[PDB]
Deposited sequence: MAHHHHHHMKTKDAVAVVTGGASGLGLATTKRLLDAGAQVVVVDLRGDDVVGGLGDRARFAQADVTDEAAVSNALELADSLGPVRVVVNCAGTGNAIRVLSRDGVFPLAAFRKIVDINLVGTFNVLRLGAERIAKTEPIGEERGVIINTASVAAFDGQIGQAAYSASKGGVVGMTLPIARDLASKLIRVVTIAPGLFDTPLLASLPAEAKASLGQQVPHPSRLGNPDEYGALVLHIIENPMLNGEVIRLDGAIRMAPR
């Protein structure tokens, strides 16, 4: 637990869904965790005195920087997990009109720009730490199988997640000399509030034929933290599903 015990993690989207499960796994591994989210202070307040909540939109650099002052005050920042995100499902062409430009921009801004914003500012905080052996820290991003298998309606969602995939390797290369790994998880179908018919959804997953449990995402995050050789890679976490057009 070298990069968690006595260290600080920042989890965006950490008050719900995949981020909440990750927060819990990190706390169980001994880290202090700053949850960065639009909302969820009550949930995070039930997680004990090693968790803190920072209200911030990941697309707002001043709010993210303020959250990172809090994180730094707790100890050396060594883990950043980008789970904040949203989706839409809109056809390119419809009788109602063309996919609105502002809707495409919004999804790209939150999912792609917001991830880069927290990554770049978080990397600055990790880079100033003393190495523990050969490592300063690790940044984990959330893409989606939609980066590869995008369905009808997913133009903006897939663009945003494809951007997260595409930037993983250059950022890993860029941060390598500072001893910061960068890895991306591409989840398949998980039982989170994002899916707020769910049973028939899970039947389409080859095996296990169910929605993913958010704790399985958190477990993979922890393995990435603990495995020094995982870097510059995207890992599908998806029960072998491949998403069909519909």
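Trainee: Numbered from 1 along the deposited sequence, what ranges are absent from the coordinates?
Mentor: Coordinates drop out over 1 to 7, 204 to 208.
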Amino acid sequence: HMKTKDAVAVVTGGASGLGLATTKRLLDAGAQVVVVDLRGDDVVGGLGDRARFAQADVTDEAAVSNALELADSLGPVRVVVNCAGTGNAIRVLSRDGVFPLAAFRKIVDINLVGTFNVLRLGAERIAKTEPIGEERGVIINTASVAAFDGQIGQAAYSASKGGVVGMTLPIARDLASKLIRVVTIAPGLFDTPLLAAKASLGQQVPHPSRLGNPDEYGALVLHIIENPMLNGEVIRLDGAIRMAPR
From here on, numbers count along this sequence of modelled residues.
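Trainee: Can you let me know which of the two, 87 to 95 or 71 to 79, has the higher average C-alpha B-factor in the entry?
Mentor: According to the entry, 87 to 95 carries the higher average C-alpha B-factor.
Trainee: Would 116 to 124 or 132 to 140 have the larger average of its C-alpha temperature factors, as given in the entry?
Mentor: Stretch with the greater average CA B-factor: 132 to 140.
Trainee: Among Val35, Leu179, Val183, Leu27, where is the Cα temperature factor highest, going by the PDB entry?
Mentor: In this record, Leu27 carries the highest C-alpha B-factor of the candidates.
Trainee: Sorting the chain's modelled residues by C-alpha B-factor, tell me whether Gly188 ends up in the lowest, middle or highest third.
Mentor: As the PDB entry reports it, the C-alpha B-factor of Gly188 lands in the middle third of its chain.
Trainee: Taking the chain's C-alpha temperature factors as the reference, tell me which third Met243 falls into: lowest, middle or highest.
Mentor: As the PDB entry reports it, the C-alpha B-factor of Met243 lands in the middle third of its chain.
Trainee: Going by the recorded CA B-factors, say which third of the chain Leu20 sits in, lowest, middle or highest.
Mentor: Its C-alpha B-factor, which the entry lists for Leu20, ranks in the middle third among residues of this chain.
Trainee: Select lowest, middle or highest to describe the third in which the CA B-factor of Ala197 falls within its chain in this entry.
Mentor: According to the entry, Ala197 has a C-alpha B-factor in the chain's highest third.
Trainee: Please rank the C-alpha B-factors of the chain's modelled residues and tell me whether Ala56 sits in the lowest, middle or highest third.
Mentor: CA B-factor rank for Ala56: highest third.
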